[PDB]
Amino acid sequence: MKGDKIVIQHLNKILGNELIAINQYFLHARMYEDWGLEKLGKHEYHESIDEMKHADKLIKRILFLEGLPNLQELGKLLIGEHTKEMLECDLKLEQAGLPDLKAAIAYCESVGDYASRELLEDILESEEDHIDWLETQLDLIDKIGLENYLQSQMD
Amino acid sequence: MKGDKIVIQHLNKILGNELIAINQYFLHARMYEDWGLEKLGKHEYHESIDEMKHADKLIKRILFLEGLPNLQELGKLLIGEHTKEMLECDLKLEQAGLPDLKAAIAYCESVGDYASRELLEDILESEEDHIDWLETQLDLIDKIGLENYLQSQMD
Amino acid sequence: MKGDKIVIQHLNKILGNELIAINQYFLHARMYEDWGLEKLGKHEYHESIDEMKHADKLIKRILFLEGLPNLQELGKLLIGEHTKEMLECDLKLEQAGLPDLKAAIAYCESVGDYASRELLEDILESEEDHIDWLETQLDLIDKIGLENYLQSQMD
Amino acid sequence: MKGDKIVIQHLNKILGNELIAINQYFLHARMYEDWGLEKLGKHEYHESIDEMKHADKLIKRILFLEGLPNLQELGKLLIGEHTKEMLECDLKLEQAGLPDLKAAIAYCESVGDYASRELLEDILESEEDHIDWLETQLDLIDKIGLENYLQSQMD
Amino acid sequence: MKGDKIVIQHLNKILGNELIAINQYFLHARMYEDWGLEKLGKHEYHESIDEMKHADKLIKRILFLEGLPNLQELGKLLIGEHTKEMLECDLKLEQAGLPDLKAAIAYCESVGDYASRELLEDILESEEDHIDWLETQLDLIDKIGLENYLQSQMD
Amino acid sequence: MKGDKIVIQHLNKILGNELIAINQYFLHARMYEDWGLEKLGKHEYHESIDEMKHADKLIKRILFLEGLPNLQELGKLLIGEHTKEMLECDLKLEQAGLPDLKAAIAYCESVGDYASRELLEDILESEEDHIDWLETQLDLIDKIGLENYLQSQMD
Amino acid sequence: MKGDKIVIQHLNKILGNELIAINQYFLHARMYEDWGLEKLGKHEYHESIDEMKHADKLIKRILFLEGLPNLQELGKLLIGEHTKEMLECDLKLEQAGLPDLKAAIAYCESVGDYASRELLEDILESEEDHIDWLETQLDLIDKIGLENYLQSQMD
Ligand code: HEM
Ligand code: HEM
Ligand code: HEM
Ligand SMILES: [Ba+2]
Ligand SMILES: [Ba+2]
Ligand SMILES: [Fe+2]
Ligand SMILES: [Fe+2]
Ligand SMILES: [Fe+2]
Ligand SMILES: [Fe+2]
Ligand SMILES: [Fe+2]
Ligand SMILES: [Fe+2]
Ligand SMILES: [Fe+2]
Ligand SMILES: [Fe+2]
Ligand SMILES: [Fe+2]
Ligand SMILES: [Fe+2]
Ligand SMILES: [Fe+2]
Ligand SMILES: [Fe+2]
Ligand SMILES: [Fe+2]
Ligand SMILES: [Fe+2]
Ligand SMILES: [Mg+2]
Ligand SMILES: [Mg+2]
Ligand SMILES: [Mg+2]
Ligand SMILES: [Mg+2]
Ligand SMILES: [Mg+2]
Ligand SMILES: [Mg+2]
Ligand SMILES: [Mg+2]
Ligand SMILES: [Mg+2]
């Protein structure tokens with residue numbers, strides 16, 4: 001079914017943001033794994049597998065709405081050379097992306113593409129959870145110390 | 001443990017080839033799914049998960065050899081439009097990659113990084129498998145007819 | 001137990017044909033499988049295994065009758081190039097051996113070697129079995145057409 | 001996938017050797033069985049099935065590399081008259097082919113067919129395995145005597 | 001089976017390094033146990049068992065090649081007095097053995113002893129895992145501090 | 001807890017003897033195995049493991065008594081060339097270590113180190129069972145003949 | 001059965017020491033528990049129970065030897081006020097009773113009361129494991145710090 005062009009452009013933009021997350025979180029996940037921070041590694045890993053599920057959902061919707069997914073563009077990954085920075089970089093990434101989600105939800109309501117809106121609402125919820133988890137880690141580092149925080153991420 | 005700089009470069013080159021296959025195969029997978037070719041989609045989908053595992057393997061090896069993974073470059077993507085073309089694009093891509101796998105296996109051999117060579121031999125063996133399956137599909141199309149072939153990919 | 005010289009001669013002769021069937025059917029089975037025709041592959045494979053059990057039986061009986069098995073000579077194999085032909089070559093081999101069995105069974109009767117006859121008797125039943133399936137495949141090709149037939153042999 | 005011509009020639013040579021093993025070990029196994037040496041017949045029988053597995057693997061690789069199997073030619077066949085000689089002939093056959101596998105591995109390596117090398121790599125480790133058991137049986141005969149060795153092979 | 005003379009030497013060179021590893025890790029393991037560092041002790045132990053298995057594989061190989069294993073010469077152990085030093089001695093030990101392994105592997109290639117090579121590749125692959133773990137432990141000590149690292153090493 | 005200087009000395013003396021048994025018995029075990037004497041190989045193997053467990057106990061006792069385990073010094077191994085000689089070598093080794101054990105037990109008694117004495121008593125009993133087993137095998141050889149004894153040690 | 005007057009005396013002496021351990025360890029155990037150091041409280045508790053079982057054995061041996069168990073006299077308990085002091089108090093207590101046990105074992109030996117000696121040996125071993133545990137905790141405190149040690153003793 002021919003969907004709304006602008007909706008598809010919005011959907012293709014969010015898709016591109018998830019691609020960034022996918023790659024970034026997977027790299028950080030292995031960087032933790034490689035450092036002995038197994039706990040952190042697993043969480044970063046699962047976050048990665050979720051962005052993959054998110055991208056997948058958008059891909060399917062874009063295809064249904066008869067448009068062509070953009071799996072070609074890859075944005076600026078924000079890596080990070082150590083835990084505190086990697087946490088920040090990930091939070092940063094999750095935030096620069098919230099505005100897009102909300103704008104597109106707003107646009108979907110205006111044109112009456114409610115089904116695409118529901119899809120975006122769900123993705124939005126997951127993003128607010130990951131941000132909650134990130135702010136939490138960062139705060140924890142402040143309360144117990146980096147050495148303590150890292151010690152507790154080993155197993 | 002710092003590894004050979006040229007080995008790490010070869011590793012990163014191959015990582016890039018794989019990243020492309022991941023994206024390409026996942027899009028082709030969801031496209032077949034969107035068209036009703038359930039069988040074809042499922043297979044393409046699994047090929048996608050494998051390329052992802054191969055990527056994860058190279059990343060982990062690179063990280064151990066103390067180099068930086070490049071999950072930032074994303075080369076061209078041979079998209080399909082229709083089935084026969086998608087099979088051809090996929091095969092063509094697994095083939096443009098072989099020369100690279102073999103160049104690196106030989107290089108690793110000359111520098112005595114046997115563990116890296118083994119990693120590459122497994123990935124190699126797995127690729128000659130995909131090419132095998134792919135060729136078979138193209139030959140089947142010409143033996144039974146595209147219409148019959150598509151009919152067989154539905155359930 | 002010393003066996004009738006001519007009987008062992010017949011026994012060694014049929015054993016020869018069986019060794020040809022083995023190799024020929026095994027080659028067609030991998031050819032079918034290489035082409036993605038799994039259905040033909042399995043059946044050919046099994047009939048190959050069957051021929052192997054026939055040969056084993058001939059070898060044991062010959063050895064008991066105190067003669068030397070001839071597993072050295074290998075007759076000309078009839079390797080087909082395409083399904084329709086491969087099916088016909090297998091039928092020809094099966095019918096060029098029927099003469100032989102019947103002649104050998106008749107011989108055992110006239111010389112009192114009833115045990116050997118019972119052994120050939122059962123190989124004979126099994127051989128007309130392969131022929132029945134083979135003829136049926138060729139007729140099936142004529143009714144539904146080669147393309148549909150091959151489509152049926154894929155999974 | 002068009003494979004290397006010389007590689008295909010090597011594969012066909014290794015195949016002709018195995019086809020001989022298969023037949024030789026099968027006749028010795030049935031001979032042992034016939035003589036009442038169960039334990040010995042059972043082992044030859046498995047080696048027999050093992051050579052069959054190697055040939056199957058060589059065949060599959062050849063068809064994939066788009067070459068033409070060579071079942072048709074059956075090389076010489078060393079048949080022993082008694083246990084001691086049957087053990088030696090079997091040992092001579094393995095050791096006569098070992099060089100063939102080593103030359104093939106070197107060739108595959110030189111032309112970049114690492115998959116074929118690994119495939120042969122495994123058949124080589126298995127052929128050295130058969131040899132060790134053969135050497136041992138001969139050595140066991142010298143330490144305990146022929147009559148004792150045979151009595152131990154009855155069950 | 002007569003093995004290459006120089007290959008046997010290489011195998012014994014390596015067997016000699018493993019014997020050293022066996023003794024050093026076992027002692028270190030029981031020292032950690034004796035201090036209440038159960039986690040570290042348990043891990044040192046398994047690495048000690050691994051080296052024992054490697055030694056076993058080497059011995060078996062040497063015997064098959066008809067050489068005489070050398071369990072008489074035992075080189076200089078590197079005993080530590082405290083955790084950090086012990087970690088460093090294991091690391092040093094492991095790093096002094098890699099060049100030997102790689103040299104042996106390259107020689108087996110040149111003489112065509114591929115089975116021995118495959119054996120040495122596996123051991124090599126395992127030695128790198130241990131080295132990775134060791135390095136990681138040392139980095140963990142700096143990131144979180146010795147007091148924390150050791151506390152995490154208690155049962 | 002600080003131990004007696006002389007006690008620790010005796011313990012190391014006995015540990016030095018047990019390290020010789022470990023290597024000798026393990027090598028003899030793999031030699032029987034290579035020769036096809038599974039029964040015998042299996043028994044040597046366990047006696048080898050047994051000595052490993054003994055050494056482990058000595059190691060622990062020593063660290064607890066605050067002494068330094070000596071794994072560095074390795075005495076001369078008595079390796080055989082044929083079964084009868086290999087049995088006499090193990091036996092001779094066991095007999096040489098018998099007086100050292102009783103001397104240590106005696107000393108431990110004279111200084112009130114009953115726990116160390118207890119440990120030593122249990123090891124002494126184990127060593128005495130091994131000696132019985134070795135003496136028995138040598139008698140069996142005399143009663144039934146080397147040929148028969150060796151035939152019995154196969155499966 | 002009438003026992004030796006002096007043996008019964010030694011037994012009561014050791015029973016007198018064990019009754020002190022019982023009370024001290026039980027009190028220390030409940031003090032750790034009240035402070036929230038479950039791990040530590042649990043260990044003290046079992047050592048307390050252990051001493052109770054020891055006293056029980058001494059009681060029985062004594063009645064059998066026809067002597068009167070002395071439960072009336074209770075020596076001075078060494079109660080601590082903080083963990084480090086509590087560990088040093090238990091340790092000091094164990095060290096004070098070590099010479100009494102060896103003295104008794106010695107006497108039992110000199111009069112042929114081997115059964116009493118046997119019992120005393122087993123208790124001596126248990127007391128020696130406790131001493132090892134206490135020495136270990138004190139070393140751990142030195143290596144990781146009181147803060148960390150105490151954090152580890154919570155859950
Ligand atoms: C184009 C972007 C991608 C998409 C749409 C995608 C999608 C998926 C999906 C749908 C799954 C299965 C999830 C499940 O079973 O719940 C998956 C798994 C996985 N992906 Fe990706 N992925 C992408 C990129 C990547 C990349 C770049 C890597 C590696 C660097 C990667 C590594 C993995 C791994 C390791 C798994 C787990 C496989 C397993 O179950 O063993 N993916 N992905
Ligand atoms: C000299 C002629 C041969 C004889 C007498 C023979 C005999 C046998 C027998 C008795 C079995 C076991 C069947 C069962 O119990 O299911 C067997 C299995 C088999 N044979 Fe042969 N065979 C011969 C030649 C070959 C050849 C030329 C090939 C081709 C590579 C081959 C491939 C196989 C395979 C793949 C199996 C299956 C083994 C398994 O079940 O794991 N054979 N053969
Ligand atoms: C240097 C002194 C050694 C000590 C203290 C020692 C100690 C041990 C211990 C405690 C075990 C575990 C036993 C059990 O599970 O009950 C073991 C297993 C073993 N050891 Fe040793 N060992 C020593 C030397 C050796 C040597 C020189 C070899 C020869 C290659 C060897 C080969 C083995 C093998 C093959 C196992 C069995 C591993 C398994 O399959 O679990 N050990 N050793
Ligand atoms: Ba802490
Ligand atoms: Ba149809
Ligand atoms: Fe997302
Ligand atoms: Fe997210
Ligand atoms: Fe791949
Ligand atoms: Fe692939
Ligand atoms: Fe047949
Ligand atoms: Fe047939
Ligand atoms: Fe083979
Ligand atoms: Fe073989
Ligand atoms: Fe090792
Ligand atoms: Fe190692
Ligand atoms: Fe021992
Ligand atoms: Fe012993
Ligand atoms: Fe007690
Ligand atoms: Fe106690
Ligand atoms: Mg549609
Ligand atoms: Mg690292
Ligand atoms: Mg007979
Ligand atoms: Mg093909
Ligand atoms: Mg041998
Ligand atoms: Mg030092
Ligand atoms: Mg201590
Ligand atoms: Mg009474």
# chains A, B, ... in the order shown; residues from 1 in each chain; ligands from 1
$ residues_near_ligand --ligand "ligand 21" --cutoff "7 Å" --atoms "only C-alpha atoms and all ligand atoms" --output "number ranges by chain"
A: 34-35; B: 1, 63-64, 66; E: 132, 135-136
$ select_by_dssp --residues "stretch 31-147 of chain B" --states "alpha helix (DSSP H)" --output "PyMOL selection string"
chain B and resi 31-35+38-64+83-111+114-144+146-147
$ residues_around --residues "residue C:9" --least-positions-apart "5" --cutoff "9 Å" --atoms "only C-alpha atoms" --output "list in words"
residues 4, 14 and 67 of chain C
$ write_last_selection --atoms "N, CA and C atoms" --output "mmCIF file, in the first residue's frame"
data_model
loop_
_atom_site.group_PDB
_atom_site.id
_atom_site.type_symbol
_atom_site.label_atom_id
_atom_site.label_comp_id
_atom_site.auth_asym_id
_atom_site.auth_seq_id
_atom_site.Cartn_x
_atom_site.Cartn_y
_atom_site.Cartn_z
ATOM 1 N N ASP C 4 30.493 -75.655 -6.522
ATOM 2 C CA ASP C 4 30.542 -75.978 -7.939
ATOM 3 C C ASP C 4 31.251 -74.828 -8.660
ATOM 4 N N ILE C 14 28.085 -61.801 -11.518
ATOM 5 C CA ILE C 14 27.029 -60.916 -11.037
ATOM 6 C C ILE C 14 27.608 -59.916 -10.035
ATOM 7 N N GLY C 67 35.895 -69.739 -2.997
ATOM 8 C CA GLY C 67 36.383 -69.169 -4.241
ATOM 9 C C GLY C 67 36.937 -67.774 -3.992
#
$ interface_residues --of "chain G" --to "chain E" --cutoff "12 Å" --atoms "only C-alpha atoms" --output "number ranges by chain"
G: 39, 129, 132-153
$ write_last_selection --atoms "C-alpha atoms" --output "PDB file, in the first residue's frame"
ATOM      1  CA  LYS G  39      29.678 -14.684  56.184  1.00  0.00           C
ATOM      2  CA  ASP G 129      42.764 -26.388  59.889  1.00  0.00           C
ATOM      3  CA  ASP G 132      45.169 -22.047  58.974  1.00  0.00           C
ATOM      4  CA  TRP G 133      41.830 -20.346  58.365  1.00  0.00           C
ATOM      5  CA  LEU G 134      42.501 -17.712  61.048  1.00  0.00           C
ATOM      6  CA  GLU G 135      46.011 -16.996  59.780  1.00  0.00           C
ATOM      7  CA  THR G 136      44.556 -16.631  56.292  1.00  0.00           C
ATOM      8  CA  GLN G 137      41.878 -14.099  57.283  1.00  0.00           C
ATOM      9  CA  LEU G 138      44.482 -11.962  59.035  1.00  0.00           C
ATOM     10  CA  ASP G 139      46.648 -12.029  55.871  1.00  0.00           C
ATOM     11  CA  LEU G 140      43.688 -11.135  53.688  1.00  0.00           C
ATOM     12  CA  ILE G 141      43.021  -8.103  55.876  1.00  0.00           C
ATOM     13  CA  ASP G 142      46.636  -7.047  55.338  1.00  0.00           C
ATOM     14  CA  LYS G 143      46.400  -7.536  51.555  1.00  0.00           C
ATOM     15  CA  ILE G 144      43.012  -5.936  50.811  1.00  0.00           C
ATOM     16  CA  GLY G 145      42.308  -3.712  53.804  1.00  0.00           C
ATOM     17  CA  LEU G 146      39.890  -3.963  56.713  1.00  0.00           C
ATOM     18  CA  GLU G 147      37.212  -2.037  54.779  1.00  0.00           C
ATOM     19  CA  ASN G 148      37.242  -4.532  51.898  1.00  0.00           C
ATOM     20  CA  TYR G 149      37.577  -7.619  54.079  1.00  0.00           C
ATOM     21  CA  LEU G 150      34.558  -6.493  56.077  1.00  0.00           C
ATOM     22  CA  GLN G 151      32.574  -5.713  52.921  1.00  0.00           C
ATOM     23  CA  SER G 152      33.264  -9.282  51.775  1.00  0.00           C
ATOM     24  CA  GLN G 153      31.925 -10.695  55.036  1.00  0.00           C
TER      25      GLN G 153
END
$ residues_near_ligand --ligand "ligand 10" --cutoff "8 Å" --atoms "only C-alpha atoms and all ligand atoms" --output "MDAnalysis selection string"
chainID C and resid 18 21 50:55 123:124 126:127
$ decode --residues "stretch 118-146 of chain G" --atoms "N, CA, C and O atoms" --output "PDB file, in the first residue's frame"
ATOM      1  N   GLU G 118      44.682 -42.127  68.838  1.00  0.00           N
ATOM      2  CA  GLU G 118      44.020 -42.010  67.550  1.00  0.00           C
ATOM      3  C   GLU G 118      43.026 -40.859  67.600  1.00  0.00           C
ATOM      4  O   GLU G 118      43.036 -39.977  66.743  1.00  0.00           O
ATOM      5  N   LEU G 119      42.166 -40.876  68.615  1.00  0.00           N
ATOM      6  CA  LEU G 119      41.171 -39.828  68.790  1.00  0.00           C
ATOM      7  C   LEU G 119      41.857 -38.470  68.821  1.00  0.00           C
ATOM      8  O   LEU G 119      41.499 -37.573  68.066  1.00  0.00           O
ATOM      9  N   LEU G 120      42.843 -38.323  69.700  1.00  0.00           N
ATOM     10  CA  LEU G 120      43.577 -37.071  69.835  1.00  0.00           C
ATOM     11  C   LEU G 120      44.221 -36.592  68.529  1.00  0.00           C
ATOM     12  O   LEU G 120      44.311 -35.385  68.281  1.00  0.00           O
ATOM     13  N   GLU G 121      44.668 -37.527  67.692  1.00  0.00           N
ATOM     14  CA  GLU G 121      45.280 -37.141  66.430  1.00  0.00           C
ATOM     15  C   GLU G 121      44.252 -36.460  65.546  1.00  0.00           C
ATOM     16  O   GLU G 121      44.522 -35.414  64.958  1.00  0.00           O
ATOM     17  N   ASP G 122      43.063 -37.046  65.467  1.00  0.00           N
ATOM     18  CA  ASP G 122      42.019 -36.480  64.633  1.00  0.00           C
ATOM     19  C   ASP G 122      41.577 -35.100  65.096  1.00  0.00           C
ATOM     20  O   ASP G 122      41.286 -34.234  64.274  1.00  0.00           O
ATOM     21  N   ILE G 123      41.529 -34.878  66.401  1.00  0.00           N
ATOM     22  CA  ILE G 123      41.152 -33.561  66.888  1.00  0.00           C
ATOM     23  C   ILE G 123      42.258 -32.572  66.521  1.00  0.00           C
ATOM     24  O   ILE G 123      41.983 -31.462  66.078  1.00  0.00           O
ATOM     25  N   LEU G 124      43.506 -32.993  66.688  1.00  0.00           N
ATOM     26  CA  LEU G 124      44.660 -32.154  66.374  1.00  0.00           C
ATOM     27  C   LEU G 124      44.625 -31.638  64.942  1.00  0.00           C
ATOM     28  O   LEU G 124      44.963 -30.484  64.680  1.00  0.00           O
ATOM     29  N   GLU G 125      44.226 -32.502  64.015  1.00  0.00           N
ATOM     30  CA  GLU G 125      44.145 -32.122  62.615  1.00  0.00           C
ATOM     31  C   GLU G 125      43.099 -31.048  62.390  1.00  0.00           C
ATOM     32  O   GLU G 125      43.339 -30.096  61.648  1.00  0.00           O
ATOM     33  N   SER G 126      41.947 -31.195  63.040  1.00  0.00           N
ATOM     34  CA  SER G 126      40.871 -30.230  62.919  1.00  0.00           C
ATOM     35  C   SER G 126      41.317 -28.875  63.453  1.00  0.00           C
ATOM     36  O   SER G 126      41.088 -27.838  62.809  1.00  0.00           O
ATOM     37  N   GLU G 127      41.953 -28.880  64.623  1.00  0.00           N
ATOM     38  CA  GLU G 127      42.429 -27.638  65.229  1.00  0.00           C
ATOM     39  C   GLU G 127      43.448 -26.970  64.309  1.00  0.00           C
ATOM     40  O   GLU G 127      43.523 -25.743  64.246  1.00  0.00           O
ATOM     41  N   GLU G 128      44.238 -27.773  63.598  1.00  0.00           N
ATOM     42  CA  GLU G 128      45.241 -27.219  62.700  1.00  0.00           C
ATOM     43  C   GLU G 128      44.621 -26.550  61.456  1.00  0.00           C
ATOM     44  O   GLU G 128      45.206 -25.621  60.897  1.00  0.00           O
ATOM     45  N   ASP G 129      43.437 -27.003  61.035  1.00  0.00           N
ATOM     46  CA  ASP G 129      42.764 -26.388  59.889  1.00  0.00           C
ATOM     47  C   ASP G 129      42.181 -25.050  60.297  1.00  0.00           C
ATOM     48  O   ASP G 129      42.144 -24.111  59.505  1.00  0.00           O
ATOM     49  N   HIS G 130      41.709 -24.973  61.536  1.00  0.00           N
ATOM     50  CA  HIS G 130      41.140 -23.738  62.038  1.00  0.00           C
ATOM     51  C   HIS G 130      42.242 -22.686  62.077  1.00  0.00           C
ATOM     52  O   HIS G 130      42.060 -21.563  61.607  1.00  0.00           O
ATOM     53  N   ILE G 131      43.392 -23.060  62.630  1.00  0.00           N
ATOM     54  CA  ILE G 131      44.526 -22.148  62.721  1.00  0.00           C
ATOM     55  C   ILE G 131      44.912 -21.621  61.338  1.00  0.00           C
ATOM     56  O   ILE G 131      45.288 -20.457  61.190  1.00  0.00           O
ATOM     57  N   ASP G 132      44.821 -22.472  60.322  1.00  0.00           N
ATOM     58  CA  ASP G 132      45.169 -22.047  58.974  1.00  0.00           C
ATOM     59  C   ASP G 132      44.164 -20.993  58.504  1.00  0.00           C
ATOM     60  O   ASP G 132      44.539 -19.954  57.948  1.00  0.00           O
ATOM     61  N   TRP G 133      42.886 -21.260  58.750  1.00  0.00           N
ATOM     62  CA  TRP G 133      41.830 -20.346  58.365  1.00  0.00           C
ATOM     63  C   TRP G 133      42.020 -18.973  59.029  1.00  0.00           C
ATOM     64  O   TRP G 133      41.907 -17.933  58.374  1.00  0.00           O
ATOM     65  N   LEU G 134      42.305 -18.969  60.329  1.00  0.00           N
ATOM     66  CA  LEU G 134      42.501 -17.712  61.048  1.00  0.00           C
ATOM     67  C   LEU G 134      43.701 -16.949  60.511  1.00  0.00           C
ATOM     68  O   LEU G 134      43.620 -15.741  60.283  1.00  0.00           O
ATOM     69  N   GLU G 135      44.814 -17.653  60.294  1.00  0.00           N
ATOM     70  CA  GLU G 135      46.011 -16.996  59.780  1.00  0.00           C
ATOM     71  C   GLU G 135      45.716 -16.386  58.415  1.00  0.00           C
ATOM     72  O   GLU G 135      46.181 -15.293  58.096  1.00  0.00           O
ATOM     73  N   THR G 136      44.917 -17.094  57.623  1.00  0.00           N
ATOM     74  CA  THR G 136      44.556 -16.631  56.292  1.00  0.00           C
ATOM     75  C   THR G 136      43.728 -15.346  56.323  1.00  0.00           C
ATOM     76  O   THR G 136      44.018 -14.405  55.583  1.00  0.00           O
ATOM     77  N   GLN G 137      42.710 -15.297  57.182  1.00  0.00           N
ATOM     78  CA  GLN G 137      41.878 -14.099  57.283  1.00  0.00           C
ATOM     79  C   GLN G 137      42.729 -12.878  57.661  1.00  0.00           C
ATOM     80  O   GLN G 137      42.570 -11.791  57.096  1.00  0.00           O
ATOM     81  N   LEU G 138      43.629 -13.057  58.618  1.00  0.00           N
ATOM     82  CA  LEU G 138      44.482 -11.962  59.035  1.00  0.00           C
ATOM     83  C   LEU G 138      45.375 -11.483  57.886  1.00  0.00           C
ATOM     84  O   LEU G 138      45.652 -10.281  57.782  1.00  0.00           O
ATOM     85  N   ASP G 139      45.809 -12.402  57.014  1.00  0.00           N
ATOM     86  CA  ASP G 139      46.648 -12.029  55.871  1.00  0.00           C
ATOM     87  C   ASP G 139      45.818 -11.298  54.831  1.00  0.00           C
ATOM     88  O   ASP G 139      46.285 -10.349  54.194  1.00  0.00           O
ATOM     89  N   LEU G 140      44.585 -11.758  54.647  1.00  0.00           N
ATOM     90  CA  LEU G 140      43.688 -11.135  53.688  1.00  0.00           C
ATOM     91  C   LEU G 140      43.457  -9.685  54.087  1.00  0.00           C
ATOM     92  O   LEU G 140      43.495  -8.788  53.237  1.00  0.00           O
ATOM     93  N   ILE G 141      43.233  -9.457  55.380  1.00  0.00           N
ATOM     94  CA  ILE G 141      43.021  -8.103  55.876  1.00  0.00           C
ATOM     95  C   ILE G 141      44.228  -7.252  55.501  1.00  0.00           C
ATOM     96  O   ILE G 141      44.077  -6.129  55.024  1.00  0.00           O
ATOM     97  N   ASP G 142      45.427  -7.788  55.697  1.00  0.00           N
ATOM     98  CA  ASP G 142      46.636  -7.047  55.338  1.00  0.00           C
ATOM     99  C   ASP G 142      46.726  -6.761  53.833  1.00  0.00           C
ATOM    100  O   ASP G 142      47.152  -5.681  53.436  1.00  0.00           O
ATOM    101  N   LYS G 143      46.328  -7.721  52.999  1.00  0.00           N
ATOM    102  CA  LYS G 143      46.400  -7.536  51.555  1.00  0.00           C
ATOM    103  C   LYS G 143      45.317  -6.641  50.929  1.00  0.00           C
ATOM    104  O   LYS G 143      45.608  -5.859  50.021  1.00  0.00           O
ATOM    105  N   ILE G 144      44.076  -6.744  51.395  1.00  0.00           N
ATOM    106  CA  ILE G 144      43.012  -5.936  50.811  1.00  0.00           C
ATOM    107  C   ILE G 144      42.478  -4.784  51.655  1.00  0.00           C
ATOM    108  O   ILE G 144      41.801  -3.899  51.130  1.00  0.00           O
ATOM    109  N   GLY G 145      42.786  -4.780  52.946  1.00  0.00           N
ATOM    110  CA  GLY G 145      42.308  -3.712  53.804  1.00  0.00           C
ATOM    111  C   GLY G 145      41.095  -4.121  54.625  1.00  0.00           C
ATOM    112  O   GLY G 145      40.247  -4.871  54.159  1.00  0.00           O
ATOM    113  N   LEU G 146      41.005  -3.622  55.850  1.00  0.00           N
ATOM    114  CA  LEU G 146      39.890  -3.963  56.713  1.00  0.00           C
ATOM    115  C   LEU G 146      38.548  -3.625  56.059  1.00  0.00           C
ATOM    116  O   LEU G 146      37.619  -4.427  56.107  1.00  0.00           O
TER     117      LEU G 146
END
